[PDB]
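Presented below is the structure to which this report refers.
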Protein chains: 2
Amino acid sequence: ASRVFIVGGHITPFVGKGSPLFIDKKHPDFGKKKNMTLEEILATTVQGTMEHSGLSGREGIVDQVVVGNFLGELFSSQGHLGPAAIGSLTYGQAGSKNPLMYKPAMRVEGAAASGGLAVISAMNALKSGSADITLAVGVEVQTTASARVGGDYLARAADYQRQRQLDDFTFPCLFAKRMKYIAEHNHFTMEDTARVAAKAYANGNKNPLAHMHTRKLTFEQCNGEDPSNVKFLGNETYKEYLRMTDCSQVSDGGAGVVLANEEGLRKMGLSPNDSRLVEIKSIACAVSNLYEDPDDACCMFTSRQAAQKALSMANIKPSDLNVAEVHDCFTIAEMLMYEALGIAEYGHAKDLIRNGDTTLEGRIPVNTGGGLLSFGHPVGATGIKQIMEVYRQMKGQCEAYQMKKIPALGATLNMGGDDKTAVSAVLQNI
Amino acid sequence: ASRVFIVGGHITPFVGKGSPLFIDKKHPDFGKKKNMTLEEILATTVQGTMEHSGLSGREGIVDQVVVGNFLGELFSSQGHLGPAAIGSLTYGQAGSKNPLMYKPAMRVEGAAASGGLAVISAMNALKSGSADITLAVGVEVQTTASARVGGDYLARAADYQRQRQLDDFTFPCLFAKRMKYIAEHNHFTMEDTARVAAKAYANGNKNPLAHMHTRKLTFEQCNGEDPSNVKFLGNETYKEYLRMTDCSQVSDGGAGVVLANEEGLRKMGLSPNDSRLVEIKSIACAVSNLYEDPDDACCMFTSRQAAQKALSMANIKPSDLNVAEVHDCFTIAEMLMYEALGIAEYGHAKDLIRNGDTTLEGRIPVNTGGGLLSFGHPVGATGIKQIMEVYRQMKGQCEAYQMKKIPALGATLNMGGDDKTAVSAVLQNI
Ligand SMILES: [Cl-]
Ligand SMILES: [Cl-]
């Protein structure tokens, strides 16, 4: 009966407009250097993952690689990222020896759950006899298209035929539509969602990897007291329910993790009690119907299903959790995710955000490094960044945002589209 | 490792320009009816797979669904096909009960190997404790763009930065480039490649599902003796080496299979010695470097690797095989695929095609129903269509193209891009 261990991994800085690392007209190197391409990010990410996992010089003992990516075929005109991953170890050195040659690889995809799906696929290979050491890397580049062209691409997450007509920013508009229903049922408020953003940015300010690291926002600004915090939607039914600060960033970046089973650890010279490890006690995936939406906007049924499956499988309750990473593609989502995960009861995420319970000094800190709101959302990377952020907290590696009490139990909740795909894992510190 | 059984599956007609089933100006219903959308193909495919697998009324015993698709995000503006699959069983019956709700689902992608990769992913879930019965479906719609546009999209399978420049028809140009090198090393000829096409069209003529079922072509025509069989490439270095008839069809269609382990069969009331079943003795995947090409165009090293891994895992040799399905994205590729699979030694595919050994009455029939050339190539479906074609021959289901001696051992070889991803299975009849 075969356990799965996080051995190590790597998260790149997440970059886009508003980051000093993002090269644009404004930037000292505009004209001299360029932002990384997807290929370069995938290269930096696979290499970093191998390095931080003790695999440098022995990359050949990895059995297989899975890539999570949503829109590479659109933003970067590039699909078929498996062989891209296979050429990533020695990218840009012609004819170099390549220990990864001929190993199995593929790209998996389920909108913003694509990294989460890459981890589950790697885990099935670990439990199946196919692999003892797997690499799961997630990468995304989205800064190559205008905001509106980008919006149309991200609508690939939605039921395009049915929902694209709502707004050029289809996917935001779907969360603004939830917020309307949520406000109508007094489930929570736009002040509450502002408090989520306040928290995300304050955390991001302590994370040099975060897209919005350098951006400071007060609750007041996040609540709409700032002329630049615009209600940008075109759809007049939903316009008033979503501010710029309520939305995740359009970022580029990657995250990688090495996952091993007990034979994998043996091959690396490691024991299962090794203090650099974290055990994935469980992982579960739930998918609903792309074509049909539940009436109750105040419940993410699919994400609730995934979390309840993961916790049950690991035999714990949400109150046992010491830390969580959840899918705050909007502030609206973070609130819904506290309830989906079960750290708050239905209609009570608001108590949590009012009382500070999910802040860095709260009793259940969530998205300690900034979340998708401030850390950023390079779509395919996000599912794997969530795992590595729990890992990093457990190993005491988060520096200015390190939790004071090293967490014993953590949970991840990764969602694709409008709660249509959900992946949730339970992690146990070793 | 539990064993894995094909319980049933389904192939749709493959449609595009040249099929009487494809609606265009010249078709009796042009203006009245439309061709199926990707959602409609996925619906028809998921449904038909369940119907020909005995899962009707019990679809809930399926543990997971994996969709293979390459370019849905481009041609149909739609990613996130996992929840599209979960909504496919009851598509257009609004509000209906849905036994697939909340089950795990994802899309996998490796260019034209995407369906092969679906099958292996579904197999790992079956060997891992996660699944006892799985549904693997592959679907594609590509008729929504012009030829040249479609060329650019399919170039997502290439190293786009490095190779898109070769020609609008990037993929055909890359195989024309192999043909030039092949001719310079007398490996085989354009007359040989014409014979592959003659065979593919003669087989397609006996297959009412084939895109080119209606189209009769002699060897002469396939060999360039037909003014309309044009050398269409723009790239003057490679132009002379590729005719229209050497190329797979731009088709829309789907294919699905239900795969169960021994516990899955038990649940369905089936024994593993049930003569409706086929066993997948082995499956393997090999992936090379997207960014670097081997010098010897006369060897598909990656496909050779995948086949040698499969056959070895099954403990057989190519001479044990009775039937195969291989990836004839071009006639040129079929010839290479004989050598990759090992049914001809290096430099000897030509003997095979000259002697008729891979015809329907040969000793090792290949692509008995027309291959990607005549059956058609809806990219994501192809890998699964290949499994089902071996299954169908084994179960005596192929009608005018049924082999007279029921095959005991079959192989598939599925490839993505320019021999950068390969997946090969060994099937054993029961
Ligand atoms: Cl999404
Ligand atoms: Cl391809």
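Note on naming: chains are A, B, ... as they come in the structure tokens, residues start from 1 per chain, ligands start from 1 in the order shown.
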Near residue 416 in chain B, counting only C-alpha atoms, which residues have an atom at most 12 Å away, once you skip same-chain residues fewer than 5 positions from it, shown as a ChimeraX atom specification?
/A:79-83,105-106 /B:69-70,109-117,154-158,171,285-288,290,300,302-303,326-329,333,379-380,382-383,421-424
Just C-alpha atoms for this one: save the residues we selected as an mmCIF file, in the first residue's frame.
data_model
loop_
_atom_site.group_PDB
_atom_site.id
_atom_site.type_symbol
_atom_site.label_atom_id
_atom_site.label_comp_id
_atom_site.auth_asym_id
_atom_site.auth_seq_id
_atom_site.Cartn_x
_atom_site.Cartn_y
_atom_site.Cartn_z
ATOM 1 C CA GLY A 79 0.942 22.727 -27.700
ATOM 2 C CA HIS A 80 2.700 19.391 -27.306
ATOM 3 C CA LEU A 81 4.488 20.504 -24.197
ATOM 4 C CA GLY A 82 5.549 16.957 -23.220
ATOM 5 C CA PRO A 83 8.474 16.947 -25.618
ATOM 6 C CA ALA A 105 5.491 12.728 -20.746
ATOM 7 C CA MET A 106 2.367 14.640 -21.456
ATOM 8 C CA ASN B 69 -8.075 16.417 -27.776
ATOM 9 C CA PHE B 70 -5.452 18.533 -29.529
ATOM 10 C CA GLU B 109 -2.824 16.358 -25.022
ATOM 11 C CA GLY B 110 0.270 15.314 -26.920
ATOM 12 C CA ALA B 111 -0.625 16.438 -30.496
ATOM 13 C CA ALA B 112 -1.710 13.450 -32.608
ATOM 14 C CA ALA B 113 -0.834 11.075 -29.766
ATOM 15 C CA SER B 114 -3.494 12.748 -27.470
ATOM 16 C CA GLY B 115 -5.837 9.685 -27.685
ATOM 17 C CA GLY B 116 -2.973 7.242 -26.965
ATOM 18 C CA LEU B 117 -2.095 9.322 -23.941
ATOM 19 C CA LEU B 154 -1.457 22.015 -36.465
ATOM 20 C CA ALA B 155 1.975 23.587 -36.338
ATOM 21 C CA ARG B 156 1.280 23.759 -32.505
ATOM 22 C CA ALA B 157 2.500 20.072 -32.677
ATOM 23 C CA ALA B 158 5.857 21.344 -34.040
ATOM 24 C CA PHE B 171 3.538 19.329 -40.739
ATOM 25 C CA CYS B 285 4.984 5.929 -24.016
ATOM 26 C CA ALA B 286 8.273 7.506 -25.223
ATOM 27 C CA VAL B 287 8.856 11.190 -25.766
ATOM 28 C CA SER B 288 11.910 12.950 -27.299
ATOM 29 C CA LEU B 290 10.703 19.016 -29.290
ATOM 30 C CA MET B 300 11.391 7.310 -36.171
ATOM 31 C CA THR B 302 10.815 7.680 -30.658
ATOM 32 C CA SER B 303 8.044 5.505 -32.168
ATOM 33 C CA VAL B 326 -0.062 2.653 -37.166
ATOM 34 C CA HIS B 327 0.144 6.318 -37.566
ATOM 35 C CA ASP B 328 0.026 7.096 -41.305
ATOM 36 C CA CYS B 329 -0.306 10.835 -40.948
ATOM 37 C CA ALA B 333 4.991 7.830 -42.047
ATOM 38 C CA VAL B 379 -6.539 14.300 -34.264
ATOM 39 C CA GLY B 380 -7.533 13.553 -30.602
ATOM 40 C CA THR B 382 -7.020 8.755 -33.662
ATOM 41 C CA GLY B 383 -5.158 7.103 -30.835
ATOM 42 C CA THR B 421 5.590 11.564 -28.823
ATOM 43 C CA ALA B 422 4.755 7.915 -29.270
ATOM 44 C CA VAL B 423 2.403 5.469 -27.533
ATOM 45 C CA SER B 424 2.238 1.783 -28.435
#
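Relative to CA of residue 330 in chain A, CA of residue 140 in chain A is found at 18.4 Å.
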Taking only range 66-293 of chain A into account, list the residues labelled strand (DSSP E) by DSSP (computed from the backbone), as a compact mmCIF listing (two decimals) with N, CA and C atoms, in the first residue's frame.
# COMPACT_ATOMS: atom_id res chain seq x y z
N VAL A 66 4.89 15.25 -16.13
CA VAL A 66 3.54 15.69 -16.55
C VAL A 66 3.55 17.19 -16.47
N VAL A 67 3.01 17.81 -17.49
CA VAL A 67 2.93 19.25 -17.60
C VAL A 67 1.51 19.70 -17.49
N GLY A 68 1.19 20.61 -16.60
CA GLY A 68 -0.08 21.27 -16.58
C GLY A 68 0.04 22.61 -17.27
N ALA A 105 5.94 11.45 -21.15
CA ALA A 105 5.49 12.73 -20.75
C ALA A 105 4.22 13.13 -21.43
N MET A 106 3.53 14.07 -20.80
CA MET A 106 2.37 14.64 -21.46
C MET A 106 1.91 15.94 -20.91
N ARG A 107 1.00 16.60 -21.64
CA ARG A 107 0.33 17.79 -21.07
C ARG A 107 -1.14 17.46 -20.67
N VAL A 108 -1.56 17.87 -19.46
CA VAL A 108 -2.89 17.75 -19.02
C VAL A 108 -3.53 19.13 -18.79
N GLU A 109 -4.84 19.17 -18.87
CA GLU A 109 -5.54 20.47 -18.87
C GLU A 109 -6.96 20.44 -18.35
N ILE A 133 9.49 7.85 -9.23
CA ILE A 133 9.77 9.30 -9.11
C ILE A 133 9.17 9.99 -10.31
N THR A 134 8.34 11.02 -10.06
CA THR A 134 7.68 11.77 -11.10
C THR A 134 7.98 13.29 -10.89
N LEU A 135 7.96 14.03 -11.98
CA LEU A 135 8.04 15.47 -11.94
C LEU A 135 6.68 15.97 -12.47
N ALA A 136 6.05 16.90 -11.75
CA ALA A 136 4.82 17.58 -12.20
C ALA A 136 5.17 19.06 -12.23
N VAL A 137 5.17 19.64 -13.44
CA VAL A 137 5.49 21.05 -13.64
C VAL A 137 4.29 21.73 -14.28
N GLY A 138 3.99 22.96 -13.85
CA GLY A 138 2.93 23.73 -14.42
C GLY A 138 3.47 25.09 -14.84
N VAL A 139 3.13 25.51 -16.04
CA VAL A 139 3.67 26.77 -16.59
C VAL A 139 2.61 27.53 -17.34
N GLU A 140 2.73 28.86 -17.39
CA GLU A 140 1.78 29.65 -18.17
C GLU A 140 2.44 30.95 -18.56
N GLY A 253 4.59 32.51 -15.18
CA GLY A 253 5.48 31.83 -14.26
C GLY A 253 5.32 30.33 -14.33
N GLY A 254 6.10 29.65 -13.52
CA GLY A 254 6.00 28.19 -13.40
C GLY A 254 6.17 27.68 -11.95
N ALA A 255 5.69 26.48 -11.70
CA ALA A 255 5.95 25.77 -10.43
C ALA A 255 6.15 24.31 -10.75
N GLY A 256 7.07 23.67 -10.05
CA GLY A 256 7.36 22.24 -10.22
C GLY A 256 7.45 21.53 -8.89
N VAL A 257 7.09 20.23 -8.90
CA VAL A 257 7.28 19.43 -7.74
C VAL A 257 7.77 18.04 -8.16
N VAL A 258 8.68 17.50 -7.35
CA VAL A 258 9.03 16.12 -7.41
C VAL A 258 8.24 15.30 -6.36
N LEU A 259 7.56 14.28 -6.89
CA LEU A 259 6.78 13.39 -6.13
C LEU A 259 7.36 12.00 -6.25
N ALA A 260 7.47 11.33 -5.12
CA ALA A 260 8.07 9.99 -5.12
C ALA A 260 7.25 9.07 -4.26
N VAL A 278 7.27 15.91 2.75
CA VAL A 278 5.86 16.12 3.16
C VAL A 278 5.02 15.02 2.50
N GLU A 279 4.17 14.36 3.26
CA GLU A 279 3.36 13.30 2.68
C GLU A 279 2.05 13.88 2.13
N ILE A 280 1.65 13.43 0.92
CA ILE A 280 0.33 13.73 0.37
C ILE A 280 -0.52 12.58 0.85
N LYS A 281 -1.28 12.85 1.90
CA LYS A 281 -2.11 11.83 2.54
C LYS A 281 -3.26 11.48 1.62
N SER A 282 -3.69 12.44 0.80
CA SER A 282 -4.79 12.19 -0.07
C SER A 282 -4.90 13.26 -1.13
N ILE A 283 -5.59 12.92 -2.23
CA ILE A 283 -5.86 13.91 -3.29
C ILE A 283 -7.11 13.40 -3.96
N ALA A 284 -7.97 14.30 -4.38
CA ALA A 284 -9.26 13.94 -4.97
C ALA A 284 -9.66 15.01 -5.97
N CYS A 285 -10.43 14.57 -6.95
CA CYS A 285 -10.80 15.38 -8.11
C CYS A 285 -12.27 15.21 -8.30
N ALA A 286 -12.98 16.32 -8.50
CA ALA A 286 -14.40 16.29 -8.77
C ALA A 286 -14.63 17.21 -9.94
N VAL A 287 -15.43 16.75 -10.89
CA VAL A 287 -15.79 17.60 -12.05
C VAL A 287 -17.30 17.61 -12.25
Output as a short mmCIF file (atom, residue, chain, number, x, y, z; two decimals) with N, CA and C atoms, in the first residue's frame all residues of range 170-414 of chain A that backbone DSSP marks as alpha helix (DSSP H).
data_model
loop_
_atom_site.label_atom_id
_atom_site.label_comp_id
_atom_site.auth_asym_id
_atom_site.auth_seq_id
_atom_site.Cartn_x
_atom_site.Cartn_y
_atom_site.Cartn_z
N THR A 170 -15.23 37.32 -19.83
CA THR A 170 -16.23 36.28 -19.56
C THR A 170 -16.02 35.71 -18.15
N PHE A 171 -14.79 35.31 -17.87
CA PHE A 171 -14.61 34.60 -16.67
C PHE A 171 -14.83 35.52 -15.43
N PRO A 172 -14.27 36.75 -15.41
CA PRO A 172 -14.69 37.69 -14.34
C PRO A 172 -16.19 37.82 -14.20
N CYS A 173 -16.85 37.95 -15.33
CA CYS A 173 -18.26 38.27 -15.33
C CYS A 173 -19.01 37.15 -14.64
N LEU A 174 -18.51 35.94 -14.77
CA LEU A 174 -19.19 34.82 -14.11
C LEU A 174 -19.10 34.87 -12.56
N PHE A 175 -17.97 35.36 -12.06
CA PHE A 175 -17.85 35.64 -10.64
C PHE A 175 -18.63 36.89 -10.19
N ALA A 176 -18.72 37.92 -11.02
CA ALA A 176 -19.56 39.06 -10.71
C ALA A 176 -21.02 38.63 -10.64
N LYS A 177 -21.41 37.73 -11.52
CA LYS A 177 -22.80 37.16 -11.47
C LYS A 177 -23.07 36.39 -10.12
N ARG A 178 -22.09 35.63 -9.65
CA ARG A 178 -22.21 35.03 -8.32
C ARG A 178 -22.35 36.08 -7.23
N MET A 179 -21.46 37.08 -7.24
CA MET A 179 -21.50 38.11 -6.23
C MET A 179 -22.86 38.82 -6.16
N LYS A 180 -23.55 38.96 -7.29
CA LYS A 180 -24.88 39.58 -7.26
C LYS A 180 -25.86 38.74 -6.44
N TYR A 181 -25.81 37.43 -6.64
CA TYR A 181 -26.72 36.52 -5.97
C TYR A 181 -26.32 36.42 -4.51
N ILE A 182 -25.01 36.43 -4.26
CA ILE A 182 -24.47 36.34 -2.92
C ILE A 182 -24.92 37.54 -2.08
N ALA A 183 -24.90 38.73 -2.69
CA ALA A 183 -25.28 39.96 -2.00
C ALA A 183 -26.78 39.92 -1.77
N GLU A 184 -27.55 39.44 -2.75
CA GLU A 184 -28.99 39.32 -2.61
C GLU A 184 -29.44 38.33 -1.53
N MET A 190 -19.38 43.06 -0.21
CA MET A 190 -18.26 43.60 -0.96
C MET A 190 -17.21 44.17 -0.04
N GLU A 191 -17.59 44.48 1.22
CA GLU A 191 -16.58 44.86 2.22
C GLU A 191 -15.76 43.65 2.64
N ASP A 192 -16.45 42.53 2.84
CA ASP A 192 -15.77 41.26 3.10
C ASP A 192 -14.75 40.90 1.98
N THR A 193 -15.17 40.99 0.73
CA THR A 193 -14.27 40.67 -0.39
C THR A 193 -13.07 41.64 -0.40
N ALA A 194 -13.30 42.88 -0.01
CA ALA A 194 -12.23 43.86 0.13
C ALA A 194 -11.24 43.45 1.19
N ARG A 195 -11.72 42.84 2.27
CA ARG A 195 -10.84 42.40 3.36
C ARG A 195 -9.99 41.23 2.89
N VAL A 196 -10.52 40.43 1.96
CA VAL A 196 -9.71 39.31 1.41
C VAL A 196 -8.53 39.92 0.65
N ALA A 197 -8.82 40.89 -0.21
CA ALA A 197 -7.74 41.57 -1.00
C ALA A 197 -6.75 42.28 -0.08
N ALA A 198 -7.25 43.01 0.94
CA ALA A 198 -6.31 43.61 1.94
C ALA A 198 -5.32 42.60 2.47
N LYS A 199 -5.84 41.45 2.88
CA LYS A 199 -4.99 40.38 3.39
C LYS A 199 -4.01 39.85 2.34
N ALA A 200 -4.52 39.56 1.12
CA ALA A 200 -3.66 39.02 0.03
C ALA A 200 -2.47 39.96 -0.27
N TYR A 201 -2.77 41.24 -0.41
CA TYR A 201 -1.68 42.22 -0.68
C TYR A 201 -0.71 42.41 0.47
N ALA A 202 -1.21 42.40 1.70
CA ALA A 202 -0.31 42.51 2.85
C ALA A 202 0.63 41.29 2.87
N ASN A 203 0.10 40.10 2.59
CA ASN A 203 0.94 38.91 2.50
C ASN A 203 1.93 38.95 1.34
N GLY A 204 1.46 39.41 0.19
CA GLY A 204 2.27 39.56 -1.04
C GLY A 204 3.46 40.49 -0.82
N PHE A 219 -7.39 48.43 2.96
CA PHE A 219 -8.74 47.96 2.89
C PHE A 219 -9.60 48.98 2.10
N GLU A 220 -9.42 50.27 2.39
CA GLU A 220 -10.22 51.35 1.81
C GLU A 220 -10.11 51.31 0.31
N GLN A 221 -8.87 51.20 -0.20
CA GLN A 221 -8.64 51.10 -1.64
C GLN A 221 -9.31 49.85 -2.23
N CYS A 222 -9.18 48.73 -1.52
CA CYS A 222 -9.71 47.46 -1.97
C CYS A 222 -11.23 47.47 -1.93
N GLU A 262 7.70 5.19 -2.01
CA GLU A 262 8.76 4.74 -1.08
C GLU A 262 9.94 4.15 -1.82
N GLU A 263 9.70 3.43 -2.91
CA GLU A 263 10.81 2.95 -3.73
C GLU A 263 11.58 4.12 -4.39
N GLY A 264 10.85 5.15 -4.79
CA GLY A 264 11.51 6.35 -5.29
C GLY A 264 12.47 6.95 -4.27
N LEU A 265 12.00 7.09 -3.03
CA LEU A 265 12.85 7.65 -1.98
C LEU A 265 14.07 6.76 -1.77
N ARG A 266 13.84 5.44 -1.78
CA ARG A 266 14.97 4.52 -1.65
C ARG A 266 16.02 4.77 -2.73
N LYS A 267 15.60 4.88 -3.99
CA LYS A 267 16.52 5.17 -5.12
C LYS A 267 17.30 6.47 -4.96
N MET A 268 16.70 7.46 -4.29
CA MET A 268 17.35 8.78 -4.04
C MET A 268 18.24 8.78 -2.78
N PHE A 301 -20.31 23.75 -5.08
CA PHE A 301 -20.57 22.30 -4.86
C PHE A 301 -19.42 21.42 -5.29
N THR A 302 -18.77 21.78 -6.42
CA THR A 302 -17.79 20.89 -6.99
C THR A 302 -16.52 20.91 -6.12
N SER A 303 -16.03 22.09 -5.85
CA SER A 303 -14.94 22.27 -4.92
C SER A 303 -15.25 21.71 -3.53
N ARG A 304 -16.50 21.82 -3.05
CA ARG A 304 -16.92 21.22 -1.77
C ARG A 304 -16.78 19.70 -1.86
N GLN A 305 -17.30 19.10 -2.96
CA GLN A 305 -17.12 17.68 -3.19
C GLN A 305 -15.64 17.25 -3.13
N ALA A 306 -14.76 17.93 -3.90
CA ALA A 306 -13.34 17.58 -3.88
C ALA A 306 -12.71 17.64 -2.47
N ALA A 307 -12.95 18.73 -1.77
CA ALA A 307 -12.34 18.88 -0.40
C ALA A 307 -12.90 17.81 0.53
N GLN A 308 -14.22 17.56 0.47
CA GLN A 308 -14.82 16.63 1.43
C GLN A 308 -14.24 15.22 1.17
N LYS A 309 -13.99 14.86 -0.12
CA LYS A 309 -13.36 13.62 -0.53
C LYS A 309 -11.92 13.54 0.02
N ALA A 310 -11.09 14.57 -0.23
CA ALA A 310 -9.72 14.57 0.26
C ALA A 310 -9.62 14.44 1.80
N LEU A 311 -10.41 15.20 2.55
CA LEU A 311 -10.33 15.19 3.99
C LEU A 311 -10.79 13.82 4.51
N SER A 312 -11.87 13.33 3.93
CA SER A 312 -12.38 12.03 4.34
C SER A 312 -11.33 10.91 4.10
N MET A 313 -10.73 10.92 2.91
CA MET A 313 -9.65 10.02 2.58
C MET A 313 -8.46 10.13 3.52
N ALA A 314 -8.12 11.33 3.96
CA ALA A 314 -7.01 11.46 4.90
C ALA A 314 -7.48 11.30 6.34
N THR A 331 -11.57 37.54 -5.11
CA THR A 331 -11.83 37.66 -3.67
C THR A 331 -13.14 36.89 -3.33
N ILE A 332 -14.13 37.04 -4.22
CA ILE A 332 -15.40 36.35 -4.15
C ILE A 332 -15.14 34.85 -4.00
N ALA A 333 -14.22 34.30 -4.79
CA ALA A 333 -13.92 32.88 -4.70
C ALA A 333 -13.31 32.41 -3.41
N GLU A 334 -12.37 33.21 -2.86
CA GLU A 334 -11.70 32.93 -1.57
C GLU A 334 -12.77 32.73 -0.48
N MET A 335 -13.75 33.62 -0.46
CA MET A 335 -14.79 33.55 0.56
C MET A 335 -15.49 32.20 0.37
N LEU A 336 -15.84 31.86 -0.86
CA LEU A 336 -16.57 30.63 -1.18
C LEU A 336 -15.75 29.41 -0.92
N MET A 337 -14.46 29.56 -1.09
CA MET A 337 -13.52 28.49 -0.82
C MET A 337 -13.35 28.16 0.70
N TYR A 338 -13.46 29.16 1.59
CA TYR A 338 -13.46 28.86 3.04
C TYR A 338 -14.61 27.93 3.36
N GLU A 339 -15.78 28.22 2.79
CA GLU A 339 -16.94 27.32 2.99
C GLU A 339 -16.83 25.97 2.28
N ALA A 340 -16.40 25.94 1.03
CA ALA A 340 -16.15 24.69 0.29
C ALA A 340 -15.20 23.76 0.99
N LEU A 341 -14.13 24.30 1.54
CA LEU A 341 -13.13 23.51 2.25
C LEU A 341 -13.66 23.03 3.61
N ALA A 349 -18.16 32.22 6.12
CA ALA A 349 -16.84 32.71 5.71
C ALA A 349 -16.67 34.14 6.18
N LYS A 350 -17.76 34.90 6.16
CA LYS A 350 -17.72 36.27 6.65
C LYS A 350 -17.18 36.41 8.09
N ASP A 351 -17.43 35.45 8.97
CA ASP A 351 -16.96 35.52 10.37
C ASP A 351 -15.46 35.41 10.37
N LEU A 352 -14.97 34.48 9.53
CA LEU A 352 -13.58 34.23 9.38
C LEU A 352 -12.85 35.49 8.93
N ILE A 353 -13.34 36.17 7.89
CA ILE A 353 -12.60 37.32 7.31
C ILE A 353 -12.74 38.56 8.19
N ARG A 354 -13.89 38.71 8.84
CA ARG A 354 -14.06 39.79 9.84
C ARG A 354 -13.16 39.62 11.06
N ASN A 355 -12.96 38.39 11.49
CA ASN A 355 -12.17 38.14 12.70
C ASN A 355 -10.69 37.93 12.46
N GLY A 371 -1.71 34.47 -2.45
CA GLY A 371 -2.77 33.89 -3.30
C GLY A 371 -2.64 34.28 -4.78
N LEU A 372 -3.58 33.80 -5.59
CA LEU A 372 -3.68 34.20 -6.98
C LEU A 372 -3.89 35.73 -7.17
N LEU A 373 -4.36 36.41 -6.13
CA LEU A 373 -4.65 37.85 -6.14
C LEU A 373 -3.37 38.69 -6.17
N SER A 374 -2.41 38.34 -5.34
CA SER A 374 -1.15 39.07 -5.19
C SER A 374 0.08 38.29 -5.61
N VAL A 379 -1.84 30.47 -15.05
CA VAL A 379 -2.88 29.48 -14.86
C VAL A 379 -2.37 28.10 -14.58
N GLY A 380 -1.71 27.48 -15.54
CA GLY A 380 -1.22 26.09 -15.32
C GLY A 380 -0.31 25.85 -14.09
N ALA A 381 0.47 26.85 -13.68
CA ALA A 381 1.37 26.73 -12.51
C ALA A 381 0.66 26.72 -11.17
N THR A 382 -0.50 27.35 -11.10
CA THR A 382 -1.15 27.64 -9.81
C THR A 382 -1.40 26.38 -8.97
N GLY A 383 -1.92 25.32 -9.57
CA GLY A 383 -2.18 24.06 -8.81
C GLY A 383 -0.95 23.50 -8.15
N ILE A 384 0.20 23.64 -8.80
CA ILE A 384 1.47 23.18 -8.22
C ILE A 384 2.10 24.21 -7.24
N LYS A 385 1.90 25.52 -7.50
CA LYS A 385 2.34 26.48 -6.52
C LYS A 385 1.59 26.24 -5.19
N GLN A 386 0.30 25.92 -5.23
CA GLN A 386 -0.45 25.71 -3.98
C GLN A 386 0.17 24.59 -3.13
N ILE A 387 0.53 23.49 -3.76
CA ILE A 387 1.24 22.37 -3.05
C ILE A 387 2.57 22.81 -2.44
N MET A 388 3.38 23.47 -3.25
CA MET A 388 4.70 23.92 -2.82
C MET A 388 4.64 25.02 -1.74
N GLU A 389 3.61 25.83 -1.72
CA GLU A 389 3.44 26.78 -0.65
C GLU A 389 3.11 26.15 0.66
N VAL A 390 2.31 25.10 0.68
CA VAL A 390 2.09 24.33 1.93
C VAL A 390 3.39 23.63 2.36
N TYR A 391 4.03 22.96 1.41
CA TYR A 391 5.33 22.38 1.65
C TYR A 391 6.29 23.41 2.26
N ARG A 392 6.42 24.58 1.64
CA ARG A 392 7.40 25.57 2.05
C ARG A 392 7.15 26.06 3.52
N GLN A 393 5.89 26.31 3.84
CA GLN A 393 5.47 26.66 5.20
C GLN A 393 5.85 25.51 6.17
N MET A 394 5.56 24.28 5.78
CA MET A 394 5.86 23.13 6.64
C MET A 394 7.37 22.98 6.89
#
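The closest residue to chain A, picked from B:406, B:84, B:6, B:38 and counting only C-alpha atoms, is B:84.
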Give me the residues near residue 33 in chain A as a PyMOL selection string, where near means some atom within 12 Å (using only C-alpha atoms) and where sequence neighbours in that chain fewer than 4 positions away do not count.
chain A and resi 21-25+27-29+37
What is the distance between CA of residue 251 in chain B and CA of residue 376 in chain B, in Å to one decimal?
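CA of residue 376 in chain B lies 5.6 Å from CA of residue 251 in chain B.
Among the candidate residues A:153, A:102, A:30, A:91, the one lying nearest to ligand 1 is A:153, with distances computed using only C-alpha atoms and all ligand atoms.
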For CA of residue 270 in chain B and CA of residue 103 in chain B, determine how far apart the two atoms are, in Å to one decimal place.
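Result for CA of residue 270 in chain B versus CA of residue 103 in chain B: 23.2 Å, one decimal.
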